[PDB]
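Below is one structure, written out as structure tokens, with a few remarks after it.
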Amino acid sequence: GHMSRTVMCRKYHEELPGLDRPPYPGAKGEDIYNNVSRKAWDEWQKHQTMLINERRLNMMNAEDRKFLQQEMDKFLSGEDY
């Protein structure tokens with residue numbers, strides 16, 4: 001076995017390995033660090049890539065970012081995505 005920092009994951013409702021550090025500075029980054037598992041975070045990144053490819057999204061387009069931000073919030077909220 002190994003040693004891992006773990007958190008009660010808001011998405012999966014179970015104790016899982018957490019991130020080693022917040023993904024970025026700020027309140028949102030802190031929320032993710034404290035309440036989102038590494039698995040949930042990784043699964044979100046995979047889903048985000050899928051959405052960007054399937055919808056032809058551009059991170060520099062405000063609407064495309066808004067869409068992704070709305071899906072991320074839903075994805076990591078605790079609800080069934």
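Lettering and numbering for the structure tokens are positional, with chains as A, B, ... in the shown order, residues counted from 1 in each chain, and ligands counted from 1 in the shown order.
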
Worksheet entry | Selection: 10 Å around residue 6 (chain A), only C-alpha atoms, excl. self and same-chain fewer than 5 positions, as a PyMOL selection string | chain A and resi 14-20+34-38

Worksheet item: If you run DSSP on the backbone, which residues of chain A are strand (DSSP E), as a PyMOL selection string?
Response: chain A and resi 6-9+14-17

Output N, CA, C and O atoms for every residue in the selection just made, as a short mmCIF file (atom, residue, chain, number, x, y, z; two decimals), in the first residue's frame.
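The result, written out as out.cif:
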```cif
data_model
loop_
_atom_site.label_atom_id
_atom_site.label_comp_id
_atom_site.auth_asym_id
_atom_site.auth_seq_id
_atom_site.Cartn_x
_atom_site.Cartn_y
_atom_site.Cartn_z
N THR A 6 -6.36 12.11 2.00
CA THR A 6 -7.68 11.79 1.43
C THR A 6 -8.71 12.82 1.91
O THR A 6 -8.50 13.55 2.89
N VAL A 7 -9.82 12.88 1.19
CA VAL A 7 -10.90 13.79 1.54
C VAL A 7 -12.21 13.08 1.31
O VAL A 7 -12.22 12.07 0.62
N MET A 8 -13.29 13.58 1.90
CA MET A 8 -14.62 13.03 1.62
C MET A 8 -14.94 13.78 0.32
O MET A 8 -15.12 15.01 0.31
N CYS A 9 -15.00 13.04 -0.79
CA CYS A 9 -15.25 13.66 -2.09
C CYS A 9 -16.70 14.10 -2.25
O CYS A 9 -17.61 13.30 -2.07
N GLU A 14 -17.64 9.72 -0.93
CA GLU A 14 -16.84 8.68 -0.29
C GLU A 14 -15.42 9.19 -0.10
O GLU A 14 -14.99 10.13 -0.80
N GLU A 15 -14.69 8.56 0.80
CA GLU A 15 -13.31 8.96 1.09
C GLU A 15 -12.39 8.48 -0.02
O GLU A 15 -12.33 7.28 -0.32
N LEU A 16 -11.67 9.42 -0.63
CA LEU A 16 -10.75 9.09 -1.72
C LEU A 16 -9.49 9.94 -1.66
O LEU A 16 -9.48 10.96 -1.00
N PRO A 17 -8.43 9.52 -2.36
CA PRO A 17 -7.19 10.30 -2.37
C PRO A 17 -7.49 11.72 -2.87
O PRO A 17 -8.22 11.91 -3.85
#
```

Filtered DSSP result for region 5-62 of chain A, state alpha helix (DSSP H), as a PDB file with N, CA and C atoms, in the first residue's frame:
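Saved result, selection12.pdb, follows:
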```pdb
ATOM      1  N   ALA A  27     -10.374  31.117  -3.793  1.00  0.00           N
ATOM      2  CA  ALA A  27     -11.455  30.392  -3.134  1.00  0.00           C
ATOM      3  C   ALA A  27     -11.896  29.105  -3.844  1.00  0.00           C
ATOM      4  N   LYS A  28     -12.084  29.163  -5.162  1.00  0.00           N
ATOM      5  CA  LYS A  28     -12.505  27.997  -5.923  1.00  0.00           C
ATOM      6  C   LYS A  28     -11.447  26.908  -5.839  1.00  0.00           C
ATOM      7  N   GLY A  29     -10.183  27.297  -6.008  1.00  0.00           N
ATOM      8  CA  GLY A  29      -9.100  26.338  -5.935  1.00  0.00           C
ATOM      9  C   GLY A  29      -9.027  25.678  -4.569  1.00  0.00           C
ATOM     10  N   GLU A  30      -9.345  26.442  -3.531  1.00  0.00           N
ATOM     11  CA  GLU A  30      -9.314  25.932  -2.172  1.00  0.00           C
ATOM     12  C   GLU A  30     -10.474  24.941  -1.960  1.00  0.00           C
ATOM     13  N   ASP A  31     -11.625  25.255  -2.538  1.00  0.00           N
ATOM     14  CA  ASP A  31     -12.801  24.377  -2.447  1.00  0.00           C
ATOM     15  C   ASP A  31     -12.469  23.031  -3.077  1.00  0.00           C
ATOM     16  N   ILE A  32     -11.845  23.069  -4.247  1.00  0.00           N
ATOM     17  CA  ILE A  32     -11.473  21.831  -4.930  1.00  0.00           C
ATOM     18  C   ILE A  32     -10.488  21.035  -4.065  1.00  0.00           C
ATOM     19  N   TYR A  33      -9.470  21.700  -3.527  1.00  0.00           N
ATOM     20  CA  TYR A  33      -8.481  21.032  -2.693  1.00  0.00           C
ATOM     21  C   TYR A  33      -9.103  20.349  -1.465  1.00  0.00           C
ATOM     22  N   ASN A  34     -10.049  21.027  -0.838  1.00  0.00           N
ATOM     23  CA  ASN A  34     -10.689  20.502   0.360  1.00  0.00           C
ATOM     24  C   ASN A  34     -11.816  19.512   0.135  1.00  0.00           C
ATOM     25  N   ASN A  35     -12.526  19.650  -0.983  1.00  0.00           N
ATOM     26  CA  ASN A  35     -13.727  18.847  -1.197  1.00  0.00           C
ATOM     27  C   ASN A  35     -13.867  18.003  -2.449  1.00  0.00           C
ATOM     28  N   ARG A  38      -8.979  13.440  -6.185  1.00  0.00           N
ATOM     29  CA  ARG A  38      -8.114  13.483  -7.361  1.00  0.00           C
ATOM     30  C   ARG A  38      -8.859  12.782  -8.505  1.00  0.00           C
ATOM     31  N   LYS A  39      -9.549  11.684  -8.189  1.00  0.00           N
ATOM     32  CA  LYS A  39     -10.305  10.952  -9.209  1.00  0.00           C
ATOM     33  C   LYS A  39     -11.353  11.859  -9.861  1.00  0.00           C
ATOM     34  N   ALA A  40     -12.124  12.563  -9.043  1.00  0.00           N
ATOM     35  CA  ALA A  40     -13.152  13.460  -9.569  1.00  0.00           C
ATOM     36  C   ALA A  40     -12.522  14.528 -10.439  1.00  0.00           C
ATOM     37  N   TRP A  41     -11.403  15.078  -9.982  1.00  0.00           N
ATOM     38  CA  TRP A  41     -10.709  16.129 -10.727  1.00  0.00           C
ATOM     39  C   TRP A  41     -10.214  15.597 -12.070  1.00  0.00           C
ATOM     40  N   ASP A  42      -9.634  14.398 -12.052  1.00  0.00           N
ATOM     41  CA  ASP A  42      -9.122  13.778 -13.279  1.00  0.00           C
ATOM     42  C   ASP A  42     -10.256  13.447 -14.242  1.00  0.00           C
ATOM     43  N   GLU A  43     -11.359  12.927 -13.698  1.00  0.00           N
ATOM     44  CA  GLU A  43     -12.520  12.585 -14.510  1.00  0.00           C
ATOM     45  C   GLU A  43     -13.088  13.875 -15.114  1.00  0.00           C
ATOM     46  N   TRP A  44     -13.053  14.973 -14.363  1.00  0.00           N
ATOM     47  CA  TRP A  44     -13.536  16.243 -14.915  1.00  0.00           C
ATOM     48  C   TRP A  44     -12.633  16.662 -16.083  1.00  0.00           C
ATOM     49  N   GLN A  45     -11.318  16.552 -15.910  1.00  0.00           N
ATOM     50  CA  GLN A  45     -10.410  16.928 -16.997  1.00  0.00           C
ATOM     51  C   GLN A  45     -10.701  16.102 -18.245  1.00  0.00           C
ATOM     52  N   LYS A  46     -10.963  14.803 -18.077  1.00  0.00           N
ATOM     53  CA  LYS A  46     -11.264  13.937 -19.218  1.00  0.00           C
ATOM     54  C   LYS A  46     -12.573  14.363 -19.865  1.00  0.00           C
ATOM     55  N   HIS A  47     -13.572  14.660 -19.039  1.00  0.00           N
ATOM     56  CA  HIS A  47     -14.867  15.075 -19.575  1.00  0.00           C
ATOM     57  C   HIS A  47     -14.739  16.427 -20.272  1.00  0.00           C
ATOM     58  N   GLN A  48     -13.924  17.314 -19.713  1.00  0.00           N
ATOM     59  CA  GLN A  48     -13.740  18.638 -20.299  1.00  0.00           C
ATOM     60  C   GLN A  48     -13.107  18.528 -21.682  1.00  0.00           C
ATOM     61  N   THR A  49     -12.144  17.620 -21.820  1.00  0.00           N
ATOM     62  CA  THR A  49     -11.480  17.405 -23.103  1.00  0.00           C
ATOM     63  C   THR A  49     -12.499  16.883 -24.117  1.00  0.00           C
ATOM     64  N   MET A  50     -13.371  15.995 -23.656  1.00  0.00           N
ATOM     65  CA  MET A  50     -14.410  15.415 -24.500  1.00  0.00           C
ATOM     66  C   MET A  50     -15.355  16.510 -25.009  1.00  0.00           C
ATOM     67  N   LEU A  51     -15.750  17.416 -24.116  1.00  0.00           N
ATOM     68  CA  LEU A  51     -16.659  18.518 -24.472  1.00  0.00           C
ATOM     69  C   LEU A  51     -15.996  19.498 -25.445  1.00  0.00           C
ATOM     70  N   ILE A  52     -14.725  19.794 -25.205  1.00  0.00           N
ATOM     71  CA  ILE A  52     -13.980  20.703 -26.070  1.00  0.00           C
ATOM     72  C   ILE A  52     -13.882  20.095 -27.472  1.00  0.00           C
ATOM     73  N   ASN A  53     -13.639  18.790 -27.547  1.00  0.00           N
ATOM     74  CA  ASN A  53     -13.530  18.140 -28.853  1.00  0.00           C
ATOM     75  C   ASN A  53     -14.876  17.993 -29.565  1.00  0.00           C
ATOM     76  N   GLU A  54     -15.897  17.581 -28.830  1.00  0.00           N
ATOM     77  CA  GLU A  54     -17.224  17.381 -29.397  1.00  0.00           C
ATOM     78  C   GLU A  54     -17.962  18.670 -29.756  1.00  0.00           C
ATOM     79  N   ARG A  55     -17.665  19.764 -29.061  1.00  0.00           N
ATOM     80  CA  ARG A  55     -18.365  21.012 -29.345  1.00  0.00           C
ATOM     81  C   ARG A  55     -17.495  22.079 -30.024  1.00  0.00           C
ATOM     82  N   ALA A  62     -15.417  33.609 -24.489  1.00  0.00           N
ATOM     83  CA  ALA A  62     -16.101  33.723 -23.196  1.00  0.00           C
ATOM     84  C   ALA A  62     -17.282  32.795 -23.013  1.00  0.00           C
TER      85      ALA A  62
END
```
